[PDB]
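Counting starts at 1 for both ligands and their atoms, following the listed order. In what follows, residues are counted from 1 in the order of the sequence shown. Hydrogens, waters and symmetry mates play no part in the numbers below; they use all other heavy atoms, side chains included.
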Amino acid sequence: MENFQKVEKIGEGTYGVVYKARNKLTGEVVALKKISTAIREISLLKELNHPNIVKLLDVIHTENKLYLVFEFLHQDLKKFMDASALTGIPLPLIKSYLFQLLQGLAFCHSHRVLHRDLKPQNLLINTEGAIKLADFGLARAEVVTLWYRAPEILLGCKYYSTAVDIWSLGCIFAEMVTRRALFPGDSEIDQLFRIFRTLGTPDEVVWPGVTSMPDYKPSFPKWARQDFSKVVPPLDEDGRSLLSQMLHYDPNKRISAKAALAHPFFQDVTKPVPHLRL
Ligand SMILES: O=C(Cc1ccc(-c2cccs2)cc1)Nc1cc(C2CC2)n[nH]1
């Protein structure tokens, strides 16, 4: 750590404090996260390189403290969505961001690496129009938000799949479009019942095996499903169809990142420049 000069505190992650810092040897500006199976799994993430994944530059284990050195980006999507609240993020920019994030997920999922905790706070943007996934793989190795958590996790599936990240990304896509969180639960049951009130209480018809899940209760109220036309206006039919597939209850039915990239919604995808004031 004597090789890094702290500039300022930029966040409070799940595991510890995040600083903006300067590398004295290279002149590099980085993000520094202060945190044996953990060392080995984190060392594997150093190799998981993609343009839509925030680069893990180094892992430093000293005085039984763990420091992760990451590429620095100047803003996150939560701040950008707050800044764009009055006007809304333009649809071509939403589409570009969703397309890039799906590329990032398709890459990590092809290497059997899950994120598990996608949220606007860990989606980072730059002036060029890029968006990148941060904290990839750290879940495997302040109240933690439940808003983007997949229903199978809430229902007690301990051996969940890459589909959990598609669910979280569908929640974020809906929030960019409507300028409001899709399912802002403030407890596990509030989170689950918000999902059920919008998508309908799941049953064996739409999700075979759901009633045998560890935290499933036959006493759950039975709510009818709502039309996406009511849930995400003014999203067009291509976007609503894609979102529905990203929010299928059965993780096996839920669209993969690779199949989502082929969706007709991306026929006219472009890479616009965002409006950023730093
Ligand atoms: O999290 C951000 C965005 C951000 C940037 C600056 C600031 C502040 C500036 C002044 C006060 S707070 C607050 C947030 N970036 C970032 C994080 C990471 C790695 C995952 C750690 N890499 N890059």
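The aromatic rings of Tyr249 and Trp207 sit parallel, their planes meeting at an angle under 30°, below the 60° perpendicular limit.
Going from atom CD1 of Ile94 over to atom CE of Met81 covers 9.5 Å, rounded to the nearest 0.5 Å. In this structure, NZ on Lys217 lies 12.5 Å from OG1 on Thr211, to the nearest 0.5 angstrom. Distance check: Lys271 NZ to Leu93 CG gives 11.0 Å after rounding to the nearest 0.5 Å.
Under a 3.5 Å cut-off, the side chain of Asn52 and the backbone N or O of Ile131 do form a donor-acceptor pair.
Cluster partners of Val30 are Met1, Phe4, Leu32, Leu57, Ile60, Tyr67, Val69, counting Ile, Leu, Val, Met, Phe, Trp and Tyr whose side-chain heavy atoms approach within less than 4.5 Å, directly or via other members.
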Find all protein N or O atoms under 3.5 angstrom from an N or O atom of ligand 1 and list the pairs with distances, or write 'none'.
from	atom 1	to	atom 2	distance (Å)
ligand 1	15 (N)	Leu73	O	2.8
ligand 1	22 (N)	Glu71	O	2.8
ligand 1	23 (N)	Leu73	N	2.9

